[PDB]
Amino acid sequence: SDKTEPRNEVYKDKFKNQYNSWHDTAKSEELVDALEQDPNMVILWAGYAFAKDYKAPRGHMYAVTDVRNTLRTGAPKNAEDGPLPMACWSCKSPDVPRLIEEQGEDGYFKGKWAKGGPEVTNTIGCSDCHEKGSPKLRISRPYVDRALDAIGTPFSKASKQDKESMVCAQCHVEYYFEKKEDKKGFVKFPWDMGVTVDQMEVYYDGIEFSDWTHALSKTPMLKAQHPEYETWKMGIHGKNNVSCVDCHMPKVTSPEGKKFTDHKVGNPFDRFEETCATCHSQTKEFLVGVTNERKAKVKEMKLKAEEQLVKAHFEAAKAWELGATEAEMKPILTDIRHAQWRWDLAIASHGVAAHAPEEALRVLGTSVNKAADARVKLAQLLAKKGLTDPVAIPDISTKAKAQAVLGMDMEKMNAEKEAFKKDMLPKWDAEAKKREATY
């Protein structure tokens, strides 16, 4: 493609520093397993991909490796096989916009993750954010323009400051797969109403969109994904237009004394001076530990949330057993749907505590309130079917136990995934090395 060059090596000894800082995101390679840490999430995502496996983010250099390796994507034995669609690559690779730019957007989205297997191979690279080129920014994904148009703030007409965050908005945002209406499943961002929780909620309701039917409570669910752009705008740095880049891609001096933009997107605190120091007179120990307070305040009210929702789901599990009708459970489901949605959005983004604490907290208030209604309605309903004794929740204090409780063959999935990892990945990169994309 004449506009996208996905090979990330071309621009070394050419843009020396920027390639250098970009390659140092491989480095933060810590693979924190988030279910092992909080197994409630296994039961809230009962019935659905995230029940299987969910890790915290690591560096951009692992995007492709990580999408490949994760149980959710599966072990597909051919380009027609596999639970998930092409869309999955969209935010993992600068090969995406190459496919989009030649194939067409319609030709890129059609089929399965496995189809794009061999073609989407380079990790988040230069062409993802730049008009490479040569510097200067670019959106690269047409569906992303659409979402920015949709809230009334296109890229073309933004200030230099504005854009700095939009380039991240490409991926670090809540999405869904449209609508399965023939014409999609494209990646659309639910921002037509638009970006608050709240508005996103009415959007998905109005079109009755359901991410999946919950395995226990048979509730039509929404799943939130990393709403960094949407939560940022809500935070206090957000409203001052302190961009992603100010804190995440700061300007650092070369030894020679050349000032340039750090492309190592990780912790803004490593580069403390250069990030916070720019605008704050306090110390590293102080600002660090303030954010740790927030981190812990969110964490807290977060489990509280989870604890009711887990109790809500199983309490709905028993109602169906006891003989609840479709009509009897509809409102209890709605109430659960919202509560879990508001939980999930509140914390899918790992930096919410750092970005928009207050809002993060606002929405967990909102989630518990709704979990509340859910549970008391159920309370009254289980008694009409004769049960007036609290519902027993089995031991879910471990990933394995949570995954056992839901009837999941974990020793089969991992079995199949190593097969995929050894037999099928070698065949993919092999074909990708031969493409090259050589102009």
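Note that residue numbering follows the sequence shown and begins at 1.
Higher mean CA temperature factor, per the PDB entry, when comparing 147-155 with 189-197: 147-155.
Mean C-alpha B-factor is higher over 70-78 than over the other stretch, the pair under comparison being 70-78 and 355-363.
In this structure the maximum Cα B-factor among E328, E208, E181, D211 is found at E181. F109 sits in the highest third of its chain by CA B factor, as recorded in the PDB entry. In the deposited entry, the Cα temperature factor of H130 places it in the highest third of its chain's modelled residues. Ranked against the other modelled residues of its chain, the C-alpha B-factor of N40 as given in the entry falls in the lowest third. The PDB entry assigns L137 a C-alpha temperature factor belonging to the highest third of its chain's modelled residues.
Sort the modelled residues of the chain by CA B factor and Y203 lands in the lowest third.
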